[PDB]
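Peer 1: What shape does this take:
(chains A and B)
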Amino acid sequence: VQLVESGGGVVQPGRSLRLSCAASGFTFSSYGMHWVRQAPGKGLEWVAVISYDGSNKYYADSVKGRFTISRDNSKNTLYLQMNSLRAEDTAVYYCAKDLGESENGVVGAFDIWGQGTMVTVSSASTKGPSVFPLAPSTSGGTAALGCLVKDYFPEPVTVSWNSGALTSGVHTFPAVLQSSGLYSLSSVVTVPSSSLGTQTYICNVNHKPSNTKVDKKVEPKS
Amino acid sequence: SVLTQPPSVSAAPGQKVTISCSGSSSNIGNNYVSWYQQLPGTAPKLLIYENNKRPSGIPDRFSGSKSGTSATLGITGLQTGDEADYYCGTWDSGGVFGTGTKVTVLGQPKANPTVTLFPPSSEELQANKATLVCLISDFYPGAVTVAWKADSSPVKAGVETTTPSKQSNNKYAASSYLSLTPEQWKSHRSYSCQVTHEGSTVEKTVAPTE
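Peer 2: Residues are numbered from 1 along each chain as shown, chains lettered A, B, ... in the order given. The protein structure is shown below:
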């Protein structure tokens, strides 16, 4: 059995998008089909359902109005016609089979799932990264500094420190999808709390797509 | 419409782990329960259906049960390949999933989280924006429940938190942000980062007066 989603890309809120799920390795015409979404990095959220025939159709309240799950048994494809997309509909949509078993629709058990196509709804063009200094406070004998790479878009950002001359003590966290349809991540360096005043520290952020190369000297306060 | 399962359960290799699903009769009681595994960067996988029944291909060391308003998934002989997000689900006449239970086959002692919270920079306030960055480090297993608190009052807004990732010391690390208006920031004596880990709860705090 194989489920292969399709038609997953970036979209502006309000506009439309229809995901396609090429199903194979089974009948499809005799199993109900589900759609499930998993926003990074939250849990599984049950989206919509369509019966084996296409009669019964059910959605979540967070989706009730604006989505219309359909399906094409001729092509063995499930369709999630998503209209009027919003921000918190951004998720990894999952084509999921239903397990209708044991004789005399249908039921809620998903034996097989698809790879899942990521939909990133965002009213946003390529935004350059705004970088902010995470000036230390410190929990002896160690202190922490960093750079909040925020309000950037899209997503490949590369951060370094001291132009490559600082690999150890460093930890760059994953990017998060913000409440502005942009992104945010932080870069951190863990150093001796005694070395603060002397050593200069620069986060060398580099958003390649938008062509921005931000550099922020991080130091403590007063 | 919220099925209750703990964020984390964790045993040693070879041991039993059980994951519970408590809720209400309308959700779990009168209905079938189904358990799903999810390795990181993979689609969910069906483990258990109809409370206790099992598919062919699933190792026999995956058990299921339902006693009224409670349902249990067990795992004997724990092996690293069991490290995953386990979700419980159900139907009702689709239905609802669990909060998400992580499983970690302990390869080391529980390390408690080192919390380093950063306030919004004066440079960030010079753009009429503000973000508090809580940075939780060196912890194991990789399951933390971050709550923010304006003064002792709670706060729901601006919260974005990452799914933990293993560092180079094999212990996990994550981060939570708090997107605030500079007025709100300057309108509370202190914001705080409550970090719950394996039952323990750590609180770091900052104030605009710093």
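
Peer 1: Break chain A down into its domains, please.
Peer 2: Here the domain parsing of chain A from curated CATH domains is A:1-123, A:124-222.

Peer 1: Kindly reformat these as CSV containing distance to chain B and mean neighbour count.
Peer 2: C-betas here are computed from N, CA, C, even on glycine. Shown next, in CSV, are the domains of chain A (distance: least, CB to the nearest CB, whole Å; neighbours: other CB atoms under 10 Å in any protein chain shown):
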stretch, distance to chain B, mean neighbour count
domain A:1-123, 3, 18
domain A:124-222, 4, 18
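
Peer 1: so can I have a markdown table of the ones you listed showing distance to residue B:77?
Peer 2: Compiled in a markdown table, those are given as follows (distance: least, CB to CB, whole Å):
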| stretch | distance to residue B:77 |
| --- | --- |
| domain A:1-123 | 24 |
| domain A:124-222 | 32 |
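
Peer 1: For residue B:159, which of the ones you listed is the nearest?
Peer 2: Residue B:159 sits nearest to domain A:124-222 of all these, at 9.2 Å, using CB to CB.

Peer 1: Can you give me the first-to-last residue distance of that closest one?
Peer 2: End-to-end distance for domain A:124-222, by CA to CA, to the nearest Å: 37 Å.

Peer 1: Stretch B:57-72 too?
Peer 2: 20 Å.

Peer 1: And residue B:50, how close does it get to residue B:37?
Peer 2: Here the distance between residue B:50 and residue B:37 works out to 17 Å (CB to CB, to the nearest Å).

Peer 1: neighbour-wise, which of these two wins?
Peer 2: residue B:37 (22 against 17; other CB atoms under 10 Å in any protein chain shown).

Peer 1: give me phi/psi at the more buried one?
Peer 2: Backbone torsions of residue B:37, given as degrees, to the nearest 10, read phi -90, psi 160.

Peer 1: which residues sit in contact with the spatially most central residue of chain A?
Peer 2: Within chain A, one residue has its C-alpha closest to the average C-alpha position: by CA atoms, centre = their mean, that is residue A:40, at 4.1 Å. Shown in contact with residue A:40 (CB atoms under 8 Å, 6 or more residues apart in numbering or on different chains): A:91-92, A:177, B:163.

Peer 1: That one: which element?
Peer 2: Residue A:40 belongs to no helix or strand when elements are defined using DSSP states H and E.

Peer 1: and it, what are its phi and psi?
Peer 2: Note on residue A:40: its backbone torsions stand at phi -60, psi 120 [degrees, to the nearest 10].

Peer 1: cool, and residue B:82?
Peer 2: When read as degrees, to the nearest 10, the backbone of residue B:82 gives phi -100, psi -10.

Peer 1: now do residue B:146
Peer 2: With angles defined as degrees, to the nearest 10, residue B:146 sits at phi -90, psi 120.

Peer 1: mind checking the SS state of the nearest residue to it once chain neighbours are set aside?
Peer 2: Leaving aside its sequence neighbours, residue B:146 sits nearest to residue B:176 (CB to CB, 6 or more residues apart in numbering or on different chains; 4.3 Å). Counting by DSSP: H, G, I helix; E, B strand; the rest coil, the backbone at residue B:176 sits in strand.

Peer 1: need the contact list for residue B:176.
Peer 2: So residue B:176 contacts B:133-134, B:136, B:146, B:148, B:159-162, B:193 (CB under 8 Å, 6+ apart).

Peer 1: burial measure for the nearest residue to residue B:30 once chain neighbours are set aside, as a count.
Peer 2: Once flanking residues are discounted, residue B:30 sits nearest to residue B:92: 7.8 Å by CB to CB, 6+ apart. Neighbours of residue B:92 under the rule other CB under 10 Å: 14.

Peer 1: now residue B:92: how far from residue B:103?
Peer 2: Per CB to CB, residue B:92 is found 26 Å from residue B:103.

Peer 1: do residue A:215 as well
Peer 2: Counting by CB to CB, the gap from residue A:215 to residue B:103 is 42 Å.

Peer 1: can you check residue B:171 too?
Peer 2: Look at residue B:171 and residue B:103: by CB to CB, they are 17 Å apart.

Peer 1: And what about the nearest residue to residue A:34 once chain neighbours are set aside, helix, strand or coil?
Peer 2: Closest residue in space to residue A:34, ignoring its immediate chain neighbours: residue A:96 at 4.3 Å, by CB to CB, 6+ apart. Under three-state DSSP, residue A:96 falls in the strand class.

Peer 1: Residue A:110 is in contact with residue A:96, correct?
Peer 2: Yes. Residue A:96 lies in contact with residue A:110 (CB atoms under 8 Å); the separation is 4.1 Å.

Peer 1: Now for these two: what residues contact both?
Peer 2: A:34, A:36, B:44.

Peer 1: which residues touch whatever helix or strand the first one lives in?
Peer 2: This means residue A:34. Per DSSP H and E: residue A:34 is located in strand A:33-38. For strand A:33-38, the surrounding residues in contact (CB under 8 Å, 6+ apart) are A:19, A:21, A:23, A:44-50, A:52, A:69, A:71, A:78, A:80, A:89, A:91-98, A:108, A:110, A:113, A:116, A:119, B:44, B:94.
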